[PDB]
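The next block is upload00.tsv, given as TSV, C-alpha atoms and all ligand atoms.
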```tsv
chain	number	residue	atom	x	y	z
H	1	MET	CA	141.00	104.13	80.86
H	2	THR	CA	139.47	100.81	81.89
H	3	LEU	CA	135.70	100.94	82.11
H	4	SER	CA	133.41	98.26	83.53
H	5	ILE	CA	129.81	97.66	84.45
H	6	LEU	CA	128.99	96.46	87.98
H	7	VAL	CA	125.43	95.23	88.45
H	8	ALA	CA	123.13	92.70	90.07
H	9	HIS	CA	120.11	91.63	88.04
H	10	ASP	CA	117.55	88.86	88.48
H	11	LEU	CA	116.37	86.26	85.90
H	12	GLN	CA	114.31	88.85	84.02
H	13	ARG	CA	116.98	91.52	84.29
H	14	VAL	CA	115.25	93.37	87.11
H	15	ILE	CA	117.65	95.56	89.09
H	16	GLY	CA	115.47	97.85	91.19
H	17	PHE	CA	112.05	98.52	92.63
H	18	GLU	CA	110.80	101.83	94.00
H	19	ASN	CA	114.38	103.11	94.11
H	20	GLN	CA	115.55	100.15	96.20
H	21	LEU	CA	117.09	96.75	95.61
H	22	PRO	CA	114.31	94.21	95.23
H	23	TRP	CA	116.24	91.70	97.39
H	24	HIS	CA	118.29	91.41	100.55
H	25	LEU	CA	121.64	89.77	99.71
H	26	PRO	CA	124.64	90.56	102.00
H	27	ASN	CA	127.24	88.59	99.97
H	28	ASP	CA	126.66	90.80	96.92
H	29	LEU	CA	127.41	93.89	98.99
H	30	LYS	CA	130.64	92.13	100.01
H	31	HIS	CA	131.21	91.45	96.30
H	32	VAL	CA	130.66	95.10	95.44
H	33	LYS	CA	132.93	96.28	98.26
H	34	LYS	CA	135.79	93.96	97.26
H	35	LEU	CA	135.56	94.73	93.54
H	36	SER	CA	135.39	98.53	93.68
H	37	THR	CA	137.55	99.16	96.71
H	38	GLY	CA	140.25	101.70	95.84
H	39	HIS	CA	138.58	102.34	92.46
H	40	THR	CA	135.92	104.67	91.03
H	41	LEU	CA	132.15	104.33	91.07
H	42	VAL	CA	130.13	106.35	88.57
H	43	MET	CA	126.37	106.38	89.17
H	44	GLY	CA	123.23	108.36	88.32
H	45	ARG	CA	121.43	110.74	90.69
H	46	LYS	CA	118.59	108.38	91.64
H	47	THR	CA	120.97	105.55	92.46
H	48	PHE	CA	122.93	107.90	94.67
H	49	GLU	CA	119.75	109.13	96.40
H	50	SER	CA	118.88	105.47	97.04
H	51	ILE	CA	122.17	104.66	98.80
H	52	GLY	CA	121.86	108.08	100.45
H	53	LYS	CA	125.57	108.79	101.00
H	54	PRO	CA	129.00	108.22	99.40
H	55	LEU	CA	130.52	104.76	99.67
H	56	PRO	CA	133.73	104.93	101.72
H	57	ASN	CA	137.21	103.96	100.53
H	58	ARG	CA	136.61	104.76	96.89
H	59	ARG	CA	135.84	107.63	94.57
H	60	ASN	CA	132.11	108.31	94.23
H	61	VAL	CA	131.05	110.12	91.07
H	62	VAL	CA	127.48	111.20	90.41
H	63	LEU	CA	125.98	112.12	87.05
H	64	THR	CA	123.10	114.55	87.13
H	65	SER	CA	121.91	117.58	85.21
H	66	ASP	CA	121.38	119.47	88.51
H	67	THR	CA	123.99	122.24	88.68
H	68	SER	CA	123.08	122.76	92.36
H	69	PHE	CA	124.30	119.25	93.22
H	70	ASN	CA	127.24	119.43	95.60
H	71	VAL	CA	127.58	116.68	98.16
H	72	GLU	CA	130.55	116.18	100.47
H	73	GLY	CA	132.58	113.15	99.39
H	74	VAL	CA	131.01	113.02	95.95
H	75	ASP	CA	132.53	114.29	92.72
H	76	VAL	CA	129.87	115.41	90.23
H	77	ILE	CA	129.67	115.19	86.42
H	78	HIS	CA	127.14	116.54	83.91
H	79	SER	CA	127.68	114.52	80.76
H	80	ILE	CA	128.39	110.97	79.68
H	81	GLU	CA	131.53	112.28	77.94
H	82	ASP	CA	132.93	113.23	81.36
H	83	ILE	CA	133.31	109.57	82.35
H	84	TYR	CA	136.21	109.04	79.94
H	85	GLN	CA	138.26	111.66	81.76
H	86	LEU	CA	138.16	109.77	85.08
H	87	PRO	CA	141.47	107.97	85.60
H	88	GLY	CA	141.85	104.37	86.72
H	89	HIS	CA	139.32	101.60	86.88
H	90	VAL	CA	135.81	102.97	86.58
H	91	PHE	CA	132.72	100.96	87.45
H	92	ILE	CA	129.39	102.05	86.03
H	93	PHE	CA	127.38	101.44	89.21
H	94	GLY	CA	123.83	102.20	88.05
H	95	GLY	CA	121.10	102.62	87.51
H	96	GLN	CA	118.97	101.72	84.52
H	97	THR	CA	119.57	104.92	82.56
H	98	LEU	CA	123.33	104.80	83.00
H	99	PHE	CA	123.47	101.09	82.13
H	100	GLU	CA	121.47	101.80	78.93
H	101	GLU	CA	123.83	104.64	78.13
H	102	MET	CA	126.99	102.68	78.88
H	103	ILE	CA	126.47	99.01	77.96
H	104	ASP	CA	127.89	99.46	74.42
H	105	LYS	CA	130.82	101.49	75.69
H	106	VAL	CA	132.25	99.33	78.48
H	107	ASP	CA	135.07	96.80	78.20
H	108	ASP	CA	133.54	94.22	80.48
H	109	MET	CA	130.82	93.62	83.05
H	110	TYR	CA	130.72	92.22	86.56
H	111	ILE	CA	127.24	90.82	86.87
H	112	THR	CA	125.66	89.18	89.84
H	113	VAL	CA	122.79	87.08	88.54
H	114	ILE	CA	120.08	86.84	91.17
H	115	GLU	CA	118.53	83.41	90.46
H	116	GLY	CA	114.94	84.47	91.11
H	117	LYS	CA	112.09	86.51	89.64
H	118	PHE	CA	111.34	89.70	91.55
H	119	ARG	CA	108.79	92.44	90.99
H	120	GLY	CA	110.70	95.33	89.48
H	121	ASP	CA	110.35	98.69	87.79
H	122	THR	CA	113.93	99.11	86.61
H	123	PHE	CA	115.83	96.75	84.31
H	124	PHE	CA	119.31	96.02	83.07
H	125	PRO	CA	119.42	96.29	79.24
H	126	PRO	CA	119.14	93.03	77.29
H	127	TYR	CA	122.41	91.44	76.14
H	128	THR	CA	123.43	88.15	74.55
H	129	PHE	CA	126.21	85.70	75.42
H	130	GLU	CA	126.94	85.56	71.72
H	131	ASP	CA	128.64	88.89	72.36
H	132	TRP	CA	130.20	88.29	75.74
H	133	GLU	CA	132.79	85.80	76.80
H	134	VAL	CA	132.43	84.15	80.18
H	135	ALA	CA	135.74	84.97	81.89
H	136	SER	CA	134.47	83.45	85.09
H	137	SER	CA	131.21	82.16	86.55
H	138	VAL	CA	131.00	81.38	90.28
H	139	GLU	CA	127.99	80.25	92.33
H	140	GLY	CA	127.44	82.21	95.53
H	141	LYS	CA	127.17	80.23	98.74
H	142	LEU	CA	123.82	80.13	100.46
H	143	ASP	CA	123.29	80.26	104.21
H	144	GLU	CA	120.95	81.65	106.85
H	145	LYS	CA	121.89	85.18	105.73
H	146	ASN	CA	122.11	84.70	101.95
H	147	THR	CA	119.13	82.64	100.90
H	148	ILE	CA	118.77	83.49	97.21
H	149	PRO	CA	120.80	81.54	94.67
H	150	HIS	CA	123.10	83.86	92.74
H	151	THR	CA	125.99	83.64	90.32
H	152	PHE	CA	128.91	86.00	89.93
H	153	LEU	CA	129.71	86.52	86.27
H	154	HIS	CA	132.63	88.35	84.77
H	155	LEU	CA	131.84	88.98	81.10
H	156	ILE	CA	134.31	90.37	78.57
H	157	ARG	CA	133.16	91.83	75.24
H	158	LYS	CA	133.95	89.50	72.34
H	159	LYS	CA	136.08	90.87	69.52
H	160	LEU	CA	134.46	91.02	66.07
H	161	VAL	CA	136.42	88.82	63.67
H	162	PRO	CA	135.94	87.56	60.09
H	163	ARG	CA	134.99	83.85	60.12
G	201	LIG	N1	120.83	95.70	91.14
G	201	LIG	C1	121.89	96.60	90.78
G	201	LIG	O1	123.02	96.22	90.55
G	201	LIG	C2	121.58	98.04	90.67
G	201	LIG	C3	122.70	99.05	90.29
G	201	LIG	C4	122.41	100.49	90.78
G	201	LIG	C5	120.97	100.94	91.00
G	201	LIG	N2	119.93	99.94	91.13
G	201	LIG	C6	118.65	100.56	91.03
G	201	LIG	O2	118.34	101.28	89.79
G	201	LIG	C7	117.14	102.10	90.02
G	201	LIG	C8	116.99	103.46	89.34
G	201	LIG	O3	117.52	103.61	88.05
G	201	LIG	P1	117.21	104.93	87.21
G	201	LIG	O4	117.58	104.70	85.77
G	201	LIG	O5	115.68	105.26	87.32
G	201	LIG	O6	118.02	106.19	87.77
G	201	LIG	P2	119.61	106.37	87.70
G	201	LIG	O7	120.21	105.70	86.43
G	201	LIG	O8	120.29	105.85	88.94
G	201	LIG	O9	119.93	107.89	87.61
G	201	LIG	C9	118.91	108.80	87.31
G	201	LIG	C10	119.50	110.11	86.88
G	201	LIG	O10	120.93	110.17	86.45
G	201	LIG	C11	120.90	111.27	85.45
G	201	LIG	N3	121.60	111.11	84.21
G	201	LIG	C12	121.57	110.00	83.47
G	201	LIG	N4	122.24	110.29	82.24
G	201	LIG	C13	122.66	111.62	82.27
G	201	LIG	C14	123.36	112.42	81.35
G	201	LIG	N5	123.79	111.88	80.10
G	201	LIG	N6	123.63	113.69	81.65
G	201	LIG	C15	123.23	114.22	82.85
G	201	LIG	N7	122.54	113.43	83.77
G	201	LIG	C16	122.27	112.16	83.47
G	201	LIG	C17	119.72	112.12	85.89
G	201	LIG	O11	119.83	112.90	87.00
G	201	LIG	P3	119.00	114.22	87.15
G	201	LIG	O12	117.47	113.96	86.99
G	201	LIG	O13	119.29	114.72	88.60
G	201	LIG	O14	119.50	115.20	86.10
G	201	LIG	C18	118.75	111.02	85.96
G	201	LIG	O15	117.41	111.24	86.09
G	201	LIG	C19	116.74	101.90	91.48
G	201	LIG	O16	115.43	101.57	91.77
G	201	LIG	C20	117.85	101.17	92.16
G	201	LIG	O17	117.63	100.42	93.28
G	201	LIG	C21	120.26	98.53	91.27
G	202	LIG	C1	124.53	95.70	96.31
G	202	LIG	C2	123.80	96.37	95.06
G	202	LIG	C3	124.61	96.33	93.79
G	202	LIG	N1	125.06	95.10	93.47
G	202	LIG	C4	125.80	94.89	92.39
G	202	LIG	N2	126.25	93.56	92.12
G	202	LIG	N3	126.15	95.92	91.55
G	202	LIG	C5	125.74	97.19	91.80
G	202	LIG	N4	126.14	98.20	90.87
G	202	LIG	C6	124.96	97.49	92.93
G	202	LIG	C7	124.54	98.93	93.16
G	202	LIG	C8	123.96	99.23	94.51
G	202	LIG	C9	124.73	99.05	95.72
G	202	LIG	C10	124.13	99.34	96.94
G	202	LIG	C11	124.90	99.15	98.33
G	202	LIG	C12	126.23	99.45	98.49
G	202	LIG	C13	126.86	99.15	99.86
G	202	LIG	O1	126.18	99.26	100.83
G	202	LIG	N5	128.22	98.73	99.99
G	202	LIG	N6	129.04	98.60	98.90
G	202	LIG	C14	130.29	99.30	99.00
G	202	LIG	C15	130.83	99.52	100.41
G	202	LIG	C16	132.14	100.16	100.61
G	202	LIG	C17	132.63	100.36	101.88
G	202	LIG	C18	131.86	99.95	103.02
G	202	LIG	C19	130.59	99.32	102.83
G	202	LIG	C20	130.08	99.11	101.51
G	202	LIG	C21	128.75	98.47	101.30
G	202	LIG	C22	128.86	96.95	101.52
G	202	LIG	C23	128.64	96.33	102.95
G	202	LIG	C24	129.68	95.36	103.33
G	202	LIG	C25	127.40	96.52	103.72
G	202	LIG	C26	122.85	99.81	96.99
G	202	LIG	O2	122.25	100.10	98.26
G	202	LIG	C27	121.87	99.05	99.09
G	202	LIG	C28	122.09	100.00	95.80
G	202	LIG	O3	120.76	100.47	95.88
G	202	LIG	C29	120.05	100.86	94.71
G	202	LIG	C30	122.68	99.70	94.56
```
Kindly transcribe the structure held in the file into structure tokens.
Amino acid sequence: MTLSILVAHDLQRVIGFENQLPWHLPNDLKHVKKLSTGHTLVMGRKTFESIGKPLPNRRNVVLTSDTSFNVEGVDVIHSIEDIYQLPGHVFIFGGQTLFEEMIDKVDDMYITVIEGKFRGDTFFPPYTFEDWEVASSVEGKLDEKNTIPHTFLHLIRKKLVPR
């Protein structure tokens, strides 16, 4: 009933490499935990295999065509259309295929911009700020543990109006 994208992508829109995050960034995991806590994560089968187990304290939903898929702690779905039946705040969690499928459908997007260029093999779909309003933009703090500049965006889809 309220559907969002949750993603971290670098300056070229890279989001993954060899089924892993290209970068080590603890604050963004804290970001993800705070945002989706008590809510619903919807993700594809490869993304789930990457994480390797349900995230606690929230509903984990996996989309796959495998009818044998039945993990403990994970609710499974078999079509995009199934996502609209999930109640509450749903976060499209990844990966590339689900982002491509969902980017025109979601209300808003919570994007962590990783301010670097990483080698990648999976990408977030292109988008333009002409379409998306910057609800907030906040620089992450850097320290010994979080050494890559990053920016937390909250983007809301702009309404189409006659001008
Ligand atoms: N930086 C970030 O914020 C971010 C977010 C999450 C993931 N990642 C990353 O994204 C990468 C992988 O992305 P990916 O696109 O290759 O895989 P993926 O999107 O995570 O999911 C792959 C799978 O989901 C399925 N699926 C997708 N649409 C479906 C539909 N309409 N009906 C039924 N099943 C459907 C299939 O499962 P089956 O083949 O089992 O049928 C499919 O092959 C990783 O390398 C990873 O680290 C990073
Ligand atoms: C972080 C990757 C990513 N980033 C963004 N912005 N959007 C996103 N949609 C994601 C998606 C994402 C995620 C993760 C990691 C999730 C995770 O490990 N947590 N998040 C929820 C959670 C809930 C309860 C307890 C612990 C956690 C834990 C956070 C810690 C404090 C350790 C991940 O594995 C490393 C991954 O690999 C492909 C992808």
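At a cut-off of 10 Å from (141.2, 106.7, 88.6), the residue set is residues 1, 2, 38, 39, 40, 41, 58, 59, 85, 86, 87, 88, 89 and 90 of chain H (counting all atoms listed in the file).
Counting all atoms listed in the file, residue 105 in chain H has the following residues at most 9 Å away, ignoring those fewer than 4 positions along the same chain: residues 3, 4 and 101 of chain H.
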Counting only C-alpha atoms, select every polymer residue within 8 Å of (120.2, 89.0, 90.3) as defined in the file's coordinates, and provide the selection as a PyMOL selection string. chain H and resi 8-11+13-15+112-116+150-151
Considering only C-alpha atoms and all ligand atoms, state which residue in the set H:153, H:63, H:161, H:77 is at the smallest distance from ligand LIG 202 (chain G). H:153
Where is the centre and how long are the edges: axis-aligned box on range 95-107 of chain H, 6 Å on each side, Å to one decimal, as AutoDock Vina command-line options:
```
--center_x 127.0 --center_y 100.9 --center_z 81.0 --size_x 28.1 --size_y 20.1 --size_z 25.1
```
Close residues to ligand LIG 202 (chain G) using all atoms listed in the file, limit 10 Å, as a PyMOL selection string: chain H and resi 5-9+15-38+41-43+46-58+91-95+99+109-114+152-153
Residues near residue 96 in chain H, cut-off 7 Å, only C-alpha atoms, skip fewer than 4 positions along chain, as number ranges by chain: H: 100, 122-124
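Taking CA of residue 141 in chain H and atom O16 of ligand LIG 201 (chain G) as the two end points, the separation is 25.3 Å.
Proximity to residue 154 in chain H was assessed for H:97, H:12, H:65, H:136 counting only C-alpha atoms; the smallest distance is recorded for H:136.
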Nearest to ligand LIG 201 (chain G) among H:98, H:61, H:142, H:71, with distances taken over all atoms listed in the file: which residue is it? H:98
Among H:149, H:162, H:120, H:126, ligand LIG 201 (chain G) is approached most closely, using all atoms listed in the file, by H:120
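Nearest-residue note for residue 66 in chain H: choosing from H:45, H:80, H:127, H:108, the minimum distance belongs to H:45, counting all atoms listed in the file.
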